[PDB]
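One chain follows as structure tokens, the form deposited without the named molecule.
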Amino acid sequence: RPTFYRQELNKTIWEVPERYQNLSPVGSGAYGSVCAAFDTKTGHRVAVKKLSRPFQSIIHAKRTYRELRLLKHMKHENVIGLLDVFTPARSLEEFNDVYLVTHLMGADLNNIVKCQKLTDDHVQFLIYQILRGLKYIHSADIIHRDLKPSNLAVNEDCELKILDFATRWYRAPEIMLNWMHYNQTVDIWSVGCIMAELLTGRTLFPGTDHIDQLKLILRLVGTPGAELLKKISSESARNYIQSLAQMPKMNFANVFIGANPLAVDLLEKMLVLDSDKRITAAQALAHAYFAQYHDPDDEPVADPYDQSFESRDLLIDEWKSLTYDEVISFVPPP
């Protein structure tokens, strides 16, 4: 065990190991408080998240459990990774505080896009990276479900990481109105929306309340086919579309004027309404748009992820301890 040093930042008290220094309150929210720091034992500016009240409920206890397990699992250059996790508590009884440490990743795709206009190579490199970790994440049989610019962290070297799994603007149609027939391919719709933004600086489907969200979408890809329509769910959902005036699919070449041809072809493959026709991360990696960067040997996959615990229903005591277990069985990276 190291040596912690207490201190008080913005009405919350931070107790952290000697190695983390220069804590600077970057913000907070429901999830918890986060301080920007400097890890003398690594040279990295880092982000320390103080998780408080992680066990003030079953829903919360489990949630805290989930995030931690999930975070301990991902080990990929393009996915948020846990540099450290600790607790000043010494006994499972004095335990009720969790601190997560990760590379302080400056900026986010949102900030970047709103600041400057990127070159095609930038867009290409950024999206290559999203796809690379998306391939990894999907390997472990995990769906992100909330992929959006604000969830994409980018440093000065244009390296990107995907973070913790308006949101409606990037949600895929299937999981849009709430249908129990979604899958990994739901994240590709998002990447398509994102790529479109990178390429034009304009939100593709800025819908007001998701009714029009579907209208806006349909307005581009076109109203369903004959069988395609018979490939869906819901009662309402089904009717609305027929309740709409049949619109024809636009030719992306006219929507994304002056854009790289291989780009619009890729979008053509991601922004497909039939999730079963939608290209995979792996398949997208190989598209001609990523030629210079595609290296199959340099595109790792995860190991299965035990989502088993998910099923079980336990009590705060259980989940809490179960979390202490993870907090202790933690092996730093090297």
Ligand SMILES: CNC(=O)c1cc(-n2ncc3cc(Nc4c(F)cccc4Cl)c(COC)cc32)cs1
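Rigid core: the largest C-alpha set superposing within 1.5 Å between the two forms. The first residue of the shown sequence is 1; numbering continues from there.
A second form of this protein, the form solved in complex with the named molecule, is not displayed here; the remarks below concern that form.
If you superimpose the site C-alphas and bring the named molecule over from its pose in the bound PDB entry, 3 or more of its atoms are within 2.4 angstroms of a backbone or C-beta atom of this form, and that means blocked. In the bound PDB entry, the named molecule sits within 4.5 Å of a heavy atom belonging to residue 31.
Looking at residue 49, you'd find a heavy atom of it within 4.5 angstroms of the named molecule in the bound PDB entry. Put simply, residue 92 is far from the named molecule in the bound PDB entry: not one heavy atom of it is within 4.5 Å.
At a distance threshold of 4.5 angstroms between non-hydrogen atoms, residue 151 is in contact with the named molecule in the bound PDB entry. Using a 4.5 Å cut-off on any heavy atom, the residues of 158 to 189 that reach the named molecule in the bound PDB entry are, in sequence order, 163, 164.
For the listed set 231, 72, 103, 122, the sole C-alpha moving 2 Å or more between the shown form and the other one on a rigid core superposition is that of 231. After superposing the rigid core, the Cα of residue 240 is displaced by 2 Å or more between the shown form and the other one. Once the cores line up, the CA of residue 52 ends up 2 angstroms or more apart between the shown form and the other one. Figure legend: C-alpha atoms of residue 148 and residue 29, shown here, are separated by at least 3 angstroms less in the bound PDB entry. Whereas the displayed form keeps them at a certain spacing, the CA atoms of residue 29 and residue 171 lie at least 3 angstroms closer in the bound PDB entry.
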